[PDB]
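There are 4 protein chains.
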Amino acid sequence: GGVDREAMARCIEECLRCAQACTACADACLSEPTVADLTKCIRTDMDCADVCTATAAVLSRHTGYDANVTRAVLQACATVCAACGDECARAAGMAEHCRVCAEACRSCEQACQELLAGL
Amino acid sequence: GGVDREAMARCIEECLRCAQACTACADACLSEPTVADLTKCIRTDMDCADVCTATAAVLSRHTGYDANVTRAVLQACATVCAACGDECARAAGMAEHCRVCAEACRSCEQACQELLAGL
Amino acid sequence: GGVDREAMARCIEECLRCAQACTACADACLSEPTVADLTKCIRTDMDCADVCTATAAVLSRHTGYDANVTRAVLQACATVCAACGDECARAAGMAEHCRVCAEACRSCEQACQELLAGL
Amino acid sequence: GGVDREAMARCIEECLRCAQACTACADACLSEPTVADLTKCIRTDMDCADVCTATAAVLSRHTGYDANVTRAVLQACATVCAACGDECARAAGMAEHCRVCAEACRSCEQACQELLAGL
Ligand SMILES: [Cu+]
Ligand SMILES: [Cu+]
Ligand SMILES: [Cu+]
Ligand SMILES: [Cu+]
Ligand SMILES: [Cu+]
Ligand SMILES: [Cu+]
Ligand SMILES: [Cu+]
Ligand SMILES: [Cu+]
Ligand SMILES: [Cu+]
Ligand SMILES: [Cu+]
Ligand SMILES: [Cu+]
Ligand SMILES: [Cu+]
Ligand SMILES: [Cu+]
Ligand SMILES: [Cu+]
Ligand SMILES: [Cu+]
Ligand SMILES: [Cu+]
Ligand SMILES: [Cu+]
Ligand SMILES: [Cu+]
Ligand SMILES: [Cu+]
Ligand SMILES: [Cu+]
Ligand SMILES: [Cu+]
Ligand SMILES: [Cu+]
Ligand SMILES: [Cu+]
Ligand SMILES: [Cu+]
Ligand SMILES: [Cu+]
Ligand SMILES: [Cu+]
Ligand SMILES: [Cu+]
Ligand SMILES: [Cu+]
Ligand SMILES: [Cu+]
Ligand SMILES: [Cu+]
Ligand SMILES: [Cu+]
Ligand SMILES: [Cu+]
Ligand SMILES: [Cu+]
Ligand SMILES: [Cu+]
Ligand SMILES: [Cu+]
Ligand SMILES: [Cu+]
Ligand SMILES: [Cu+]
Ligand SMILES: [Cu+]
Ligand SMILES: [Cu+]
Ligand SMILES: [Cu+]
Ligand SMILES: [Cu+]
Ligand SMILES: [Cu+]
Ligand SMILES: [Cu+]
Ligand SMILES: [Cu+]
Ligand SMILES: [Cu+]
Ligand SMILES: [Cu+]
Ligand SMILES: [Cu+]
Ligand SMILES: [Cu+]
Ligand SMILES: [Cu+]
Ligand SMILES: [Cu+]
Ligand SMILES: [Cu+]
Ligand SMILES: [Cu+]
Ligand SMILES: [Cu+]
Ligand SMILES: [Cu+]
Ligand SMILES: [Cu+]
Ligand SMILES: [Cu+]
Ligand SMILES: [Cu+]
Ligand SMILES: [Cu+]
Ligand SMILES: [Cu+]
Ligand SMILES: [Cu+]
Ligand SMILES: [Cu+]
Ligand SMILES: [Cu+]
Ligand SMILES: [Cu+]
Ligand SMILES: [Cu+]
Ligand SMILES: [Cu+]
Ligand SMILES: [Cu+]
Ligand SMILES: [Cu+]
Ligand SMILES: [Cu+]
Ligand SMILES: [Cu+]
Ligand SMILES: [Cu+]
Ligand SMILES: [Cu+]
Ligand SMILES: [Cu+]
Ligand SMILES: [Cu+]
Ligand SMILES: [Cu+]
Ligand SMILES: [Cu+]
Ligand SMILES: [Cu+]
Numbered sequence: 017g018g019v020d021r022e023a024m025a026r027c028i029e030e031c032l033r034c035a036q037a038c039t040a041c042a043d044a045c046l047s048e049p050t051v052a053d054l055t056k057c058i059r060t061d062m063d064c065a066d067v068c069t070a071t072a073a074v075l076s077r078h079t080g081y082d083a084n085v086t087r088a089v090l091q092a093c094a095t096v097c098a099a100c101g102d103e104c105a106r107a108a109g110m111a112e113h114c115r116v117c118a119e120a121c122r123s124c125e126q127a128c129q130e131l132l133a134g135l
Numbered sequence: 017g018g019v020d021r022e023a024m025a026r027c028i029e030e031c032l033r034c035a036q037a038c039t040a041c042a043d044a045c046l047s048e049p050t051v052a053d054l055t056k057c058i059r060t061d062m063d064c065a066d067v068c069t070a071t072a073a074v075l076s077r078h079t080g081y082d083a084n085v086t087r088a089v090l091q092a093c094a095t096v097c098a099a100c101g102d103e104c105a106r107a108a109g110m111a112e113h114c115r116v117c118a119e120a121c122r123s124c125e126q127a128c129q130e131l132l133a134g135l
Numbered sequence: 017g018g019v020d021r022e023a024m025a026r027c028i029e030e031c032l033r034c035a036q037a038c039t040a041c042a043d044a045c046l047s048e049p050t051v052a053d054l055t056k057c058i059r060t061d062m063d064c065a066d067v068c069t070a071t072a073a074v075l076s077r078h079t080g081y082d083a084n085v086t087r088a089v090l091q092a093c094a095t096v097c098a099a100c101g102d103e104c105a106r107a108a109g110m111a112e113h114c115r116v117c118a119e120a121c122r123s124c125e126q127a128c129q130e131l132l133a134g135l
Numbered sequence: 017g018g019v020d021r022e023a024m025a026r027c028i029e030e031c032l033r034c035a036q037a038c039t040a041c042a043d044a045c046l047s048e049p050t051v052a053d054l055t056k057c058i059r060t061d062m063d064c065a066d067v068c069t070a071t072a073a074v075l076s077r078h079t080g081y082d083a084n085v086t087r088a089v090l091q092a093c094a095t096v097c098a099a100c101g102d103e104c105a106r107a108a109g110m111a112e113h114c115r116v117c118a119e120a121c122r123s124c125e126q127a128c129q130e131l132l133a134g135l
């Protein structure tokens, strides 16, 4: 109604790219000799993938749209992308895959925040 | 730390039961002759299943626990269970499966709210 | 080891695009005046999204790779993309969104089959 | 039609219990001092959770039922529960949580196999 269809499309594409980035990054950190120091990073990637996957699906549905549901789901996705971007950024010096995943998390956080701002 | 482990267990069990309830209820409303009047109900069941599935997974992980992430995910799950309980309750007179699913949604909403209250 | 890394990347990208296509197509058919005639289409889109989502995740993980697991998951994803491409193709005359989703299903079926063939 | 409704119900309940078991077991092995030796176990738990989640959803839908899709999805779930039961069984001496998860994987493998056998 008042919603930016382009910002909605961007959010959906970002959630799918970020979910896959975090799935791949959990697996990549799992395979590091350093894995013992990367456990919060792996766990946060797992959460971030689960929430981005759910958010992409909810935002993809227009039938019987409920702003309360959509707002609460975007907030959850913003919050986990922010936490996961921070955690991967701390591992960025130990692995190029975490630098890349941190960028994905930050990009998706911004896409959720931009949509959130428009209601 | 200050968290009720029993309330956490209840939330996880409720999310899985509620996700399956809503998957089954979307399918059941799809198969109703009335389906044309049950479209918001079906869509809300789809969202409610996706969010309960993600919430069960996030709450099942203790490594590198982040209260900000967990709070935002429980809020999203509470909000969608409340919306989906309301929508199925409106269809309760048209199908026994919606009365049952409304109860599941209300039960999981209360489990998320009770955990949320404890932080 | 003997695996085509490029075919693996293509499969992952196709599963995510196809999962979102089928989520959107279930929602689009839900919103059609015709919805009563589109119920198998909607149900198949739901399955196809769930299986493409799981397949993208499994194929994204290289740690402790098991060809038996990967083969069985690619087979499931091929089979549901084939069924869902066929079902959306039958609705293609009733809605442009089903023609588009049928193409996505066929594209992902071929990506899974091509990877399957390489083991 | 010829399907055991009770075996279908058991499969659905087992997939949800096994998905949560494997989510919890990935997290538990992540938190072990031994984590470096538990990486295949963690990865297999991640796959096993993703596939059990998708299988529970597909088996929960009766509208426009397709035996080809259902068979291929049950096969994938059987195969990953068998691989994940074996991998957790190897860690059973290092952690009680893996002994418990191995039992869940074996229980769900048998539920999928029993349904598969009935078509
Ligand atoms: Cu998004
Ligand atoms: Cu995201
Ligand atoms: Cu991500
Ligand atoms: Cu990583
Ligand atoms: Cu990491
Ligand atoms: Cu990470
Ligand atoms: Cu992440
Ligand atoms: Cu994420
Ligand atoms: Cu997201
Ligand atoms: Cu996010
Ligand atoms: Cu991260
Ligand atoms: Cu990384
Ligand atoms: Cu990372
Ligand atoms: Cu990331
Ligand atoms: Cu990451
Ligand atoms: Cu992320
Ligand atoms: Cu993200
Ligand atoms: Cu986002
Ligand atoms: Cu977003
Ligand atoms: Cu819960
Ligand atoms: Cu729930
Ligand atoms: Cu539910
Ligand atoms: Cu329903
Ligand atoms: Cu309903
Ligand atoms: Cu419903
Ligand atoms: Cu629901
Ligand atoms: Cu729910
Ligand atoms: Cu929940
Ligand atoms: Cu909920
Ligand atoms: Cu509902
Ligand atoms: Cu119902
Ligand atoms: Cu319902
Ligand atoms: Cu419900
Ligand atoms: Cu419901
Ligand atoms: Cu619900
Ligand atoms: Cu619920
Ligand atoms: Cu809940
Ligand atoms: Cu909850
Ligand atoms: Cu794929
Ligand atoms: Cu696919
Ligand atoms: Cu698709
Ligand atoms: Cu459609
Ligand atoms: Cu359709
Ligand atoms: Cu469809
Ligand atoms: Cu589809
Ligand atoms: Cu699919
Ligand atoms: Cu796929
Ligand atoms: Cu597929
Ligand atoms: Cu389709
Ligand atoms: Cu369509
Ligand atoms: Cu379609
Ligand atoms: Cu499709
Ligand atoms: Cu489709
Ligand atoms: Cu498809
Ligand atoms: Cu597909
Ligand atoms: Cu595919
Ligand atoms: Cu594929
Ligand atoms: Cu099952
Ligand atoms: Cu299972
Ligand atoms: Cu399991
Ligand atoms: Cu474990
Ligand atoms: Cu383990
Ligand atoms: Cu494990
Ligand atoms: Cu497992
Ligand atoms: Cu499993
Ligand atoms: Cu299963
Ligand atoms: Cu399984
Ligand atoms: Cu296992
Ligand atoms: Cu374990
Ligand atoms: Cu285990
Ligand atoms: Cu297990
Ligand atoms: Cu396990
Ligand atoms: Cu398992
Ligand atoms: Cu299992
Ligand atoms: Cu099973
Ligand atoms: Cu099963």
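Residue numbers (the entry's author numbering), protein chains in the order written: chain E, 17 to 135; chain Z, 17 to 135; chain B, 17 to 135; chain P, 17 to 135. The beta carbon of each residue, even a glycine, is placed where N, CA and C say it ideally should be.
N-terminal and C-terminal residue of the alpha helix (DSSP H) that residue i is part of
i	result
B:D43	21–46
E:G134	112–134
For residue i, the nearest candidate out of the options (CA to CA)
i	options	result
B:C41	B:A133, B:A92, B:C93, B:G101	B:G101
E:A99	E:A35, E:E112, E:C121	E:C121
E:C117	E:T60, E:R21, E:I28, E:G17	E:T60
E:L32	E:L135, E:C128, E:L54, E:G17	E:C128
B:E103	P:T95, P:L131, P:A108, P:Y81	P:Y81
Z:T79	P:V89, P:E48, P:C68, P:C97	P:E48
Z:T86	Z:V96, Z:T71, Z:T95	Z:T71
residue 9 of chain Z	P:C38, P:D53, P:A73	With chain Z covering 17 to 135 only, the question about residue 9 of chain Z has no answer from this structure.
P:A35	P:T50, P:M62, P:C45	P:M62
P:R106	P:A94, P:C45, P:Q126	P:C45
P:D43	P:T50, P:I58, P:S123	P:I58
B:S123	B:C64, B:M110, B:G134, B:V51	B:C64
Z:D66	E:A83, E:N84, E:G134, E:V89	E:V89
Z:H113	Z:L54, Z:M24, Z:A83, Z:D20	Z:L54
P:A92	P:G18, P:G17, P:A83, P:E125	P:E125
E:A94	E:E119, E:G17, E:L132	E:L132
Z:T69	Z:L135, Z:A111, Z:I28, Z:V19	Z:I28
Z:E130	Z:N84, Z:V96, Z:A23	Z:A23
P:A73	P:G109, P:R115, P:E30, P:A52	P:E30
Z:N84	E:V96, E:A25, E:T50	E:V96
task = Run through the stretch 49–84 of chain P for me and flag every whole alpha helix (DSSP H) of 4 or more residues, listed as ranges in chain order.
result = 55–75
ask   = Taking a cut-off of 6 Å, which residues have a beta-carbon closer than that to any heavy atom of ligand 7, in chain order?
value = E:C38, E:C41, E:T60, E:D61, E:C64, E:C100, E:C104, E:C117, E:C121
message = Closer than 5 Å between the C-beta and any heavy atom of ligand 43: which residues qualify, listed along the chain?
response = B:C45, B:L54, B:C57, B:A107, B:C114
ask   = When a residue counts only if its C-beta is closer than 7 Å to some heavy atom of ligand 28, which residues count, in chain order?
value = Z:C27, Z:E30, Z:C31, Z:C34, Z:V67, Z:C68, Z:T71, Z:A72, Z:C93, Z:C97, Z:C124, Z:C128
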